[PDB]
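Trainee: Let me begin by handing over the structure; questions about it come next.
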Amino acid sequence: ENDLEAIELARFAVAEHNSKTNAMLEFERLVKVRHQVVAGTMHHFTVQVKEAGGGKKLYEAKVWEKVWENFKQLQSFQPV
Amino acid sequence: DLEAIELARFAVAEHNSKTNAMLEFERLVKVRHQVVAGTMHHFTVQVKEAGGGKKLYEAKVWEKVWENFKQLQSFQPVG
């Protein structure tokens, strides 16, 4: 892309690599761009369950939901 | 929220589907809803080095759309 904004982010990328690593690379050109729109909610649940033998345990769940799509997915399920 | 209680029921139901643990939802005790909204940009970039010589790198920049925020996620040579 020759979109001026994409070039500006690419420069930002190089400049950030330079300040993170002290690399002194110079931006020459942007030879490829792919944009990935992300729009969702990450839900964080602490939840009480009834285990196999009747035991009451605590779990932390992470659900990722896309808001302009029909997509929910459990990311993580973890004891507390 | 009662839809938060609904996502949780799914979360437990999903775990059981995927592990077969047959845990049963009792009660929802904490909730937090984190809105994520932005663009992940993937760039192949040509740079000049010290000194000199040109070279390709692949970069990833996360950018928030409703906030003034951009961040370098990744910066790596192509092989």
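Chain labels run A, B, ... following the order of the structure tokens; each chain numbers its residues from 1, and ligands are numbered from 1 in the order shown.
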Kindly provide, as a PyMOL selection string, the residues of chain A having any atom no farther than 7 Å from an atom of chain B, counting only C-alpha atoms.

Mentor: chain A and resi 10+13+16-17+25-52+61+63+74

Trainee: Please determine, counting only C-alpha atoms, which residue among A:14, A:80, A:4, A:24 has the shortest atom-to-atom distance to residue A:56.

Mentor: A:80

Trainee: Can you list, as number ranges by chain, all residues belonging to chain B that DSSP tags as strand (DSSP E)?

Mentor: B: 24-48, 54-64, 69-77

Trainee: So that I have them on file, write out the residues from the current selection with N, CA and C atoms, as a compact mmCIF listing (two decimals), in the first residue's frame.

Mentor:
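The result, stored in selection.txt:
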# COMPACT_ATOMS: atom_id res chain seq x y z
N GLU B 24 -20.66 -28.67 37.28
CA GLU B 24 -21.98 -28.05 37.18
C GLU B 24 -21.97 -26.63 37.72
N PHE B 25 -22.49 -25.70 36.93
CA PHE B 25 -22.51 -24.30 37.32
C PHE B 25 -23.32 -24.11 38.59
N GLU B 26 -22.67 -23.58 39.62
CA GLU B 26 -23.37 -23.16 40.83
C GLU B 26 -23.64 -21.66 40.77
N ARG B 27 -22.64 -20.83 41.06
CA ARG B 27 -22.87 -19.38 41.05
C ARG B 27 -21.73 -18.54 40.44
N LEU B 28 -22.11 -17.43 39.81
CA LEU B 28 -21.15 -16.49 39.21
C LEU B 28 -20.74 -15.41 40.20
N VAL B 29 -19.45 -15.33 40.51
CA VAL B 29 -18.99 -14.53 41.64
C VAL B 29 -18.20 -13.26 41.29
N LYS B 30 -17.54 -13.24 40.13
CA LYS B 30 -16.86 -12.04 39.65
C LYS B 30 -17.07 -11.93 38.15
N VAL B 31 -17.19 -10.71 37.64
CA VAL B 31 -17.24 -10.49 36.20
C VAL B 31 -16.49 -9.22 35.80
N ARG B 32 -15.79 -9.28 34.67
CA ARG B 32 -15.22 -8.10 34.04
C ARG B 32 -15.34 -8.19 32.52
N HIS B 33 -15.80 -7.11 31.90
CA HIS B 33 -16.02 -7.08 30.46
C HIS B 33 -15.02 -6.14 29.80
N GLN B 34 -14.00 -6.70 29.15
CA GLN B 34 -13.00 -5.89 28.47
C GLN B 34 -13.27 -5.71 26.96
N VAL B 35 -13.61 -4.49 26.56
CA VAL B 35 -13.85 -4.15 25.17
C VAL B 35 -12.52 -4.09 24.42
N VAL B 36 -12.41 -4.86 23.34
CA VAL B 36 -11.24 -4.81 22.46
C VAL B 36 -11.67 -4.33 21.08
N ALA B 37 -11.11 -3.21 20.63
CA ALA B 37 -11.52 -2.63 19.36
C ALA B 37 -10.34 -1.92 18.73
N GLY B 38 -9.85 -2.45 17.61
CA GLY B 38 -8.73 -1.86 16.90
C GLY B 38 -8.39 -2.60 15.62
N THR B 39 -7.20 -2.32 15.09
CA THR B 39 -6.67 -2.99 13.90
C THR B 39 -5.29 -3.57 14.16
N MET B 40 -5.11 -4.86 13.90
CA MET B 40 -3.76 -5.40 13.79
C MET B 40 -3.23 -5.29 12.36
N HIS B 41 -2.20 -4.46 12.20
CA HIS B 41 -1.57 -4.21 10.90
C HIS B 41 -0.32 -5.10 10.77
N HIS B 42 -0.20 -5.76 9.62
CA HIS B 42 0.95 -6.62 9.36
C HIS B 42 1.68 -5.96 8.23
N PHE B 43 2.95 -5.64 8.43
CA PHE B 43 3.73 -4.99 7.41
C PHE B 43 4.96 -5.83 7.07
N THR B 44 5.26 -5.93 5.78
CA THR B 44 6.62 -6.25 5.33
C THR B 44 7.29 -4.94 4.98
N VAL B 45 8.43 -4.69 5.61
CA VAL B 45 9.08 -3.41 5.43
C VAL B 45 10.51 -3.59 4.92
N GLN B 46 10.91 -2.68 4.05
CA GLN B 46 12.29 -2.63 3.65
C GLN B 46 13.00 -1.54 4.43
N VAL B 47 14.13 -1.88 5.02
CA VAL B 47 14.92 -0.90 5.73
C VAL B 47 16.32 -0.82 5.15
N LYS B 48 17.01 0.26 5.47
CA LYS B 48 18.44 0.35 5.24
C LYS B 48 19.14 0.12 6.57
N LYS B 54 20.23 -2.94 2.20
CA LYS B 54 18.81 -3.01 2.44
C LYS B 54 18.41 -4.40 2.92
N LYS B 55 17.28 -4.49 3.62
CA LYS B 55 16.84 -5.74 4.26
C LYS B 55 15.33 -5.70 4.56
N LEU B 56 14.68 -6.86 4.53
CA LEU B 56 13.25 -6.95 4.81
C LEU B 56 12.98 -7.39 6.24
N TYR B 57 11.97 -6.77 6.84
CA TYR B 57 11.49 -7.15 8.16
C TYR B 57 9.98 -7.25 8.13
N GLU B 58 9.46 -8.13 8.97
CA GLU B 58 8.02 -8.21 9.16
C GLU B 58 7.68 -7.61 10.55
N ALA B 59 6.73 -6.68 10.55
CA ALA B 59 6.29 -5.98 11.76
C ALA B 59 4.79 -6.12 12.02
N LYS B 60 4.39 -6.05 13.29
CA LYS B 60 2.97 -6.00 13.64
C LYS B 60 2.70 -4.86 14.58
N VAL B 61 1.73 -4.04 14.22
CA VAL B 61 1.40 -2.88 15.02
C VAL B 61 -0.07 -2.94 15.39
N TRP B 62 -0.34 -2.96 16.69
CA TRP B 62 -1.70 -2.89 17.19
C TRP B 62 -2.09 -1.43 17.32
N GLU B 63 -3.27 -1.11 16.85
CA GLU B 63 -3.72 0.25 16.91
C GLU B 63 -5.14 0.21 17.39
N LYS B 64 -5.41 0.99 18.44
CA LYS B 64 -6.76 1.22 18.92
C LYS B 64 -7.51 2.31 18.12
N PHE B 69 -3.84 5.26 20.59
CA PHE B 69 -2.95 4.21 21.02
C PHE B 69 -2.49 3.31 19.89
N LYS B 70 -1.18 3.27 19.69
CA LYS B 70 -0.55 2.29 18.82
C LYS B 70 0.74 1.70 19.47
N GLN B 71 1.05 0.46 19.11
CA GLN B 71 2.07 -0.30 19.79
C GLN B 71 2.73 -1.29 18.86
N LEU B 72 4.04 -1.43 18.96
CA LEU B 72 4.73 -2.40 18.12
C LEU B 72 4.64 -3.74 18.79
N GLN B 73 3.99 -4.70 18.14
CA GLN B 73 3.79 -6.03 18.72
C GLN B 73 4.97 -6.95 18.41
N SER B 74 5.58 -6.73 17.25
CA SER B 74 6.50 -7.70 16.69
C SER B 74 7.35 -7.04 15.63
N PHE B 75 8.65 -7.32 15.64
CA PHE B 75 9.55 -6.82 14.61
C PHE B 75 10.69 -7.81 14.34
N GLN B 76 10.62 -8.48 13.19
CA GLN B 76 11.46 -9.64 12.94
C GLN B 76 11.94 -9.69 11.49
N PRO B 77 13.17 -10.17 11.27
CA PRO B 77 13.65 -10.36 9.89
C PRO B 77 12.83 -11.42 9.19

Trainee: Got a sec to tell me which of chain B DSSP assigns to alpha helix (DSSP H), as number ranges by chain?

Mentor: B: 4-19

Trainee: Report the distance between atom CA of residue A:62 and atom CA of residue A:78 in Å, rounded to one decimal place.

Mentor: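 These atoms are spaced 9.0 Å apart.
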